[PDB]
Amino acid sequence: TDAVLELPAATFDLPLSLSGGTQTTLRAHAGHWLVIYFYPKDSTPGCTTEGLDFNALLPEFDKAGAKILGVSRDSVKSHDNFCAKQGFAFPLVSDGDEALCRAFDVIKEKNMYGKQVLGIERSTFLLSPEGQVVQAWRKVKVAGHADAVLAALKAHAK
């Protein structure tokens, strides 16, 4: 009923490699809200802006008991370097095989260059404490985005 996206059951049990060397799973986040934001490339202008915007709002996400994960297909080492340089205090998922991206259907195609080109589309999702995807943002406009995600989270958490 309140879901806007249906994930395969196996998605919740995928081992997600994090910055810092640990793994998590979506099921492991049961009981609290989770924001999952997908971005195309570590250490690029839009991605950095977006990460810094979420980072600045962490205390507000904490007030709601929520956790945040950023996701791209960059390596763990790339993510470690990005987090250290920018001072991020939330983890980044190294989705090298795009398993998580595919589950959320964020790998989109564009007819360009006389080719069919596939890439990550900047997208964000709100996962409830019982693992339902209750809100989505696709083709994300970075300016104002983290603020909008926080506002939506607060509205839902009631």
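Residues carry their position along the shown sequence, with the first being 1. Under this definition, the rigid core comprises the largest set of C-alpha atoms superposing within 1.5 Å between the forms.
Chemist: Output the stretch, either 39 to 47 or 56 to 64, that has more C-alpha displacement from this form in 7 other deposited structures of this protein following superposition by the rigid core.
Modeler: Between 39 to 47 and 56 to 64, the one lying farther away in 7 other deposited structures of this protein is 39 to 47.
Chemist: State which stretch is farther from the displayed form on average in 7 other deposited structures of this protein, 125 to 133 or 111 to 119, counting RMS CA distance after fitting on the rigid core.
Modeler: The answer is 111 to 119, which departs more from the shown form in 7 other deposited structures of this protein.
Chemist: Could you check which stretch, 94 to 102 or 62 to 70, carries the larger mean CA temperature factor in the entry?
Modeler: Higher mean C-alpha B-factor: 62 to 70.
Chemist: Among all modelled residues of this chain, ranked by Cα B factor, put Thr48 in the bottom, middle or top third, i.e. lowest, middle or highest.
Modeler: As the PDB entry reports it, the C-alpha B-factor of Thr48 lands in the lowest third of its chain.
Chemist: According to the PDB entry, is the CA B factor of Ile120 in the bottom, middle or top third of its chain, that is, lowest, middle or highest?
Modeler: Within its chain, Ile120 is a middle-third residue by C-alpha B-factor, going by the deposited values.
Chemist: Per the entry's values, where does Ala30 land by CA temperature factor relative to the rest of its chain, in the lowest, middle or highest third?
Modeler: As the PDB entry reports it, the C-alpha B-factor of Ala30 lands in the highest third of its chain.
Chemist: Split into thirds by Cα B-factor across the chain's modelled residues, where does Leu126 land: lowest, middle or highest?
Modeler: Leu126: CA B-factor falls in the middle third of its chain.
Chemist: How does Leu18 rank on Cα B-factor within its chain, lowest, middle or highest third?
Modeler: As the PDB entry reports it, the C-alpha B-factor of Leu18 lands in the lowest third of its chain.
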